[PDB]
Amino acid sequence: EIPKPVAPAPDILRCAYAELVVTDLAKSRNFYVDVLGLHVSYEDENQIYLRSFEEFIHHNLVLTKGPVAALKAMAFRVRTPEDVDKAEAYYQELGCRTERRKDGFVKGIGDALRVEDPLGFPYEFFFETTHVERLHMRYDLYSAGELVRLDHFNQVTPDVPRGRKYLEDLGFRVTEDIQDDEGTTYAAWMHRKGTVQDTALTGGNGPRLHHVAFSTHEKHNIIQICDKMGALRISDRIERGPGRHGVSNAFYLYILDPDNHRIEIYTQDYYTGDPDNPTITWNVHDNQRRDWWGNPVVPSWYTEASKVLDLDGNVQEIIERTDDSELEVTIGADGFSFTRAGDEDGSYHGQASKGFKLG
């Protein structure tokens, strides 16, 4: 178990941006800008800085050219400059490596702390950031698939309860989780800002980055992204969806960028800002938990995820999950799922829902 520090946790506002290493910067630009419509705050021959339609901080996404595609940092904004100091003392007390840069790691961020966190993830904490034009009423720019906010990160980690306790100490409250009746936790969702999630843990070998999620205003905006990817004849880069989640109640889609980094598009989850917000626990065998309509979860969604880097820029070594696998217990050869608890009718044994089996 990760001890609760004596030092006070930084006051975290929200997820703010990710830095992703990409191998071909031009190909990645074509995906994020030409296909998805994100707005360029800055670019040069090595990096592209991108923001969503309603953002006023400098960026929500930094694409950095490098030899090995990976998550370089997942960044959280904190409430005050002094919270960056608090972060540094907190992670030092945890025994983690930290690096402080008074003028930032990436353009448009000021004083910043990066840490190798206890789960092996590269977190950044910052307050200072260069404000840019907020494009929230620039309907002359608005795309039929417009990405309006950054919503969350999702992390793959082998021991979910261990990670959960550490994030709870850091001030994230769990909104929903998936468990079974044998004491195993498969996933958890946790928040600072008043939505379902700012980050989330998915059980599996890690550290790896499962996805970054962006919001739209409406469900039809997500449908348009699918439609556009069909017209561009890149429907093979639609991994999963579109769907309605059980967990979060959001409408959703998962797509894959040119380095296989997974992006979720997401809308219309609910308010979580009250401190006694009810925590929802789903059973891992409930076939409406991930897709509410019962559509099967593709196996790649469980097995594939991005590398993450350490502070030197080297890939973090992967630690194998020993807890039960969600894939195996639901859609694998000895798996089980139900539509109605206690009913054999609409249940699935050793295969996925809707007439499919594992490839």
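Position 1 is the first residue in the sequence shown; the rest follow in order.
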### Query
In the PDB record, does 317-325 or 34-42 carry the higher mean Cα temperature factor?
317-325
### Task
Name the higher of the two by mean Cα B-factor in the PDB entry, 100-108 versus 243-251.
100-108
#### Entry: Residue selected from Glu88, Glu264, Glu218, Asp269 by maximal Cα B factor
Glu88
### Task
Could you say which of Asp140, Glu146, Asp286, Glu182 has its CA atom at the highest B factor, as listed in the PDB entry?
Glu182
### Task
Taking the chain's C-alpha temperature factors as the reference, tell me which third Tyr166 falls into: lowest, middle or highest.
middle
### Summary
Sorting the chain's modelled residues by C-alpha B-factor and splitting them into thirds places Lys193 in the middle
### Query
According to the PDB entry, is the CA B factor of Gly230 in the bottom, middle or top third of its chain, that is, lowest, middle or highest?
lowest
### Message
Using only modelled residues of the chain, where does the Cα B factor of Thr339 rank: lowest third, middle third or highest third?
### Response
lowest
### Position of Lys65 among the chain's modelled residues by C-alpha B-factor, lowest, middle or highest third
highest
